[PDB]
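Encoded as C-alpha cells, the structure appears first; notes follow it.
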Amino acid sequence: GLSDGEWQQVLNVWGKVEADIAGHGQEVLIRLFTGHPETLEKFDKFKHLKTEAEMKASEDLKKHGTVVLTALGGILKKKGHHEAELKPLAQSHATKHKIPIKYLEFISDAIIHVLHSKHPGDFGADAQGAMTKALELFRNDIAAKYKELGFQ
Ligand code: HEM
C-alpha cells in the first residue's frame with residue numbers, strides 16, 4: 001500500500017482538484033473520450049457528442065465529471081480503507097455499465113495527464129508517484145471485485 005507520507009502527497013494533490021472539481025472532471029472525461037472513442041459508447045447519454053466542442057459545451061458531461069471525481073475523492077480520503085465505498089462502484093461498473101478494467105486504466109492515465117496539463121510545473125515527481133500508487137490501488141481493488149464476478 002501507500003506510506004503515510006505518500007497519502008499526504010495524494011491528498012495535497014487532490015486539493016488542486018477540489019478547487020475546481022467540475023473543470024477537472026470535464027477535462028478528465030474529455031481526455032478519456034477523445035483518446036479512446038470506444039469509451040464514449042459505454043455512455044448512452046454522451047454518445048450523441050460527435051465533437052470535442054460539443055463535449056466541452058455539454059453541461060451534463062461536466063455534471064457527470066463532478067459525480068465521478070467526488071466519488072473518487074471520497075475513496076482517496078479513506079487512504080486505502082475503502083471497501084464499503086469501492087465494492088458498490090466496482091459492482092455497478094461491471095454488472096450494469098459493463099466497463100472493462102482497461103477503461104479504468106485509461107481514466108487513471110487521463111487523471112495524471114490532466115493534473116500536469118492544468119498544473120504544469122506544479123505536479124512534482126514525488127506527487128506523481130504518490131497519485132499513481134493511489135490510482136493503481138484503486139484500480140487493483142476494483143480488479144479483485146471484477147475477478148470475483150468473472151467479469152472481463
Ligand atoms: C475514476 C473511475 C470512476 C469512478 C469513480 C466512477 C464513478 C461513477 C459513479 C459515482 C457513477 C454513478 C453511480 C453508479 O452508477 O455507480 C458512475 C456511472 C457511470 N460510469 Fe463511472 N466511474 C469511473 C470510471 C468509469 C469509466 C472508465 C467508464 C466507462 C469508460 C464509466 C462509465 C460509467 C457509466 C456508463 C455510468 C452510468 C452513467 C449514466 O448515468 O448514464 N465510469 N460512475
Side-chain angles (χ1 to χ4, degrees), residues 1-2 6-7 9-11 13-14 16-18 20-119 123 125 127-152:
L2 285 66
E6 293 176 320
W7 277 122
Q9 286 252 61
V10 173
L11 299 185
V13 169
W14 198 253
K16 293 181 169 54
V17 176
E18 303 190 313
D20 179 21
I21 299 181
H24 284 78
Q26 171 186 282
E27 285 188 48
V28 167
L29 292 178
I30 289 176
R31 177 68 181 186
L32 178 69
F33 297 156
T34 60
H36 309 280
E38 67 268 40
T39 63
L40 184 67
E41 298 308 302
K42 289 293 179 174
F43 294 85
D44 292 305
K45 69 181 182 185
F46 294 135
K47 52 175 55 185
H48 68 285
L49 298 174
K50 290 295 184 300
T51 66
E52 189 179 314
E54 299 180 304
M55 290 179 199
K56 284 289 191 65
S58 174
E59 293 308 313
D60 193 57
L61 184 161
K62 177 186 294 188
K63 182 184 181 178
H64 192 65
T66 296
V67 169
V68 173
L69 295 191
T70 293
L72 180 57
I75 287 172
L76 294 176
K77 297 187 178 184
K78 292 304 296 297
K79 303 193 303 179
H81 301 81
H82 55 219
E83 171 65 26
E85 294 81 9
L86 189 150
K87 186 186 174 179
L89 199 63
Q91 295 196 318
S92 76
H93 284 64
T95 306
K96 191 179 184 306
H97 312 315
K98 314 297 185 180
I99 309 311
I101 192 74
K102 187 70 175 180
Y103 293 5
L104 289 174
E105 181 192 357
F106 294 158
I107 203 172
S108 291
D109 289 342
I111 288 169
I112 293 299
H113 179 76
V114 172
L115 286 169
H116 276 299
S117 183
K118 296 181 72 62
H119 311 282
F123 183 36
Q128 182 179 328
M131 184 57 77
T132 295
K133 285 187 65 173
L135 290 172
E136 291 177 319
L137 179 60
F138 169 72
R139 191 157 77 253
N140 199 62
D141 284 351
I142 288 175
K145 301 301 183 182
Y146 273 24
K147 178 172 178 284
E148 187 189 323
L149 301 167
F151 179 69
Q152 284 293 342

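Scope of the values below: all heavy atoms of this structure, side chains included, with no hydrogens, waters or symmetry mates. When a residue number appears, it is its place in the shown sequence, counting from 1.
- Using cut-offs of 30° and 60° on the angle between ring planes, the pair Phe43 and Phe33 is perpendicular.
- A salt bridge links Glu18 and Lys77; the closest N-O separation between the charged side-chain nitrogens and carboxylate oxygens is under 4.0 Å.
- The 12-atom threshold is exceeded at NZ of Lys42, counting heavy atoms of other residues, nucleotides or ligands nearer than 6.0 Å.
- When the shell of 6.0 Å around NZ of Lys63 is examined, it contains 12 or fewer heavy atoms from other residues, nucleotides or ligands.
- Aromatic ring orientation, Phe151 versus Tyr146: perpendicular (interplanar angle above 60°, classes split at 30° and 60°).
- Atom CD1 of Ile30 and atom CG of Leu40 lie 11.0 Å apart (nearest 0.5 Å).
- Side-chain contact between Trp14 and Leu69: present, with at least one pair of heavy atoms (C-beta onward) separated by less than 4.5 Å.
- In terms of heavy-atom proximity, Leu2 sits nearest to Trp7 at CB-NE1, 3.4 Å.
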Under the salt bridge (charged side-chain N to carboxylate O under 4.0 Å, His left out) rule, what do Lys79 and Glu6 come out as? Steps first, then yes or no, please. CA-CA 10 Å; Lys79 303 193 303 179; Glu6 293 176 320; over 6 Å; no
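- By the neighbour-count criterion of 12 heavy atoms within 6.0 Å, atom NZ of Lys78 is densely surrounded, having more than that number from other residues, nucleotides or ligands.
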Could you walk me through whether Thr39 and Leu29 pass the side-chain contact (heavy atoms from CB on, under 4.5 Å) check? CA-CA 10 Å; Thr39 63; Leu29 292 178; over 6 Å; no
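- Between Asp141 and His82, the shortest heavy-atom distance links the atoms OD2-NE2, 2.7 Å.
- A 6.0 Å sphere centred on NE2 of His116 holds more than 12 heavy atoms belonging to other residues, nucleotides or ligands.
- Under a cut-off of 6.0 angstrom, the local environment of NZ in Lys45 is crowded, with over 12 non-hydrogen atoms contributed by other residues, nucleotides or ligands.
- In terms of heavy-atom proximity, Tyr103 sits nearest to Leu32 at O-CD1, 4.2 Å.
- Taking the side chain as every heavy atom from C-beta outward, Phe46 and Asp60 approach each other to under 4.5 Å.
- With contacts defined as side-chain heavy-atom distances shorter than 4.5 Å, the pair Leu135/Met131 qualifies.
- Under 4.0 Å is where a charged nitrogen must lie from a carboxylate oxygen, and between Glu136 and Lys133 no such pair does.
- Residues that satisfy the ring pair (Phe, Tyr, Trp, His ring centres under 6.0 Å) test with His97, not counting sequence neighbours, are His93.
- The distance from atom CD1 of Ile142 to atom CG of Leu137, rounded to the nearest 0.5 Å, is 10.0 Å.
- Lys98 is linked by a salt bridge (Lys or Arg N to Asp or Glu O under 4.0 Å) to nothing, counting only residues two or more places apart in sequence or in another chain.
- Counting only distance, with no hydrogens or angles, the side chain of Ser92 and the backbone of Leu89 share a donor-acceptor pair below 3.5 Å.
- Taking both residues in full, the closest heavy atoms of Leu49 and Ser58 are given as CD2-CB, 4.2 Å, listed atom of the first, atom of the second, then distance.
- Note that the CD1 atom of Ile112 and the CZ atom of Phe123 stand 4.0 Å from one another [nearest 0.5 Å].
- One finds the OG1 atom of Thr66 at 10.0 Å from the CG atom of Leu61 (value rounded to the nearest 0.5 Å).
- Note that CD1 of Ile75 is 10.5 Å distant from CD of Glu83, once rounded to the nearest 0.5 Å.
- The 12-atom threshold is exceeded at NZ of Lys145, counting heavy atoms of other residues, nucleotides or ligands nearer than 6.0 Å.
- No more than 12 heavy-atom neighbours from other residues, nucleotides or ligands sit within 6.0 angstrom of CD on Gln152.
- What you find for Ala127 and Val13 is that their closest heavy atoms are CB-CG2, 3.7 Å.
- Side-chain atoms of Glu54 and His48 form no donor-acceptor pair, as typed in the model, at a separation below 3.5 Å.
- You'll find the side chain of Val28 stays beyond 4.5 Å of the side chain of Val68, heavy atoms only.
- Separation of atoms CD1 (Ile107) and CZ (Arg139) is listed at 11.0 Å; rounding is to 0.5 Å.
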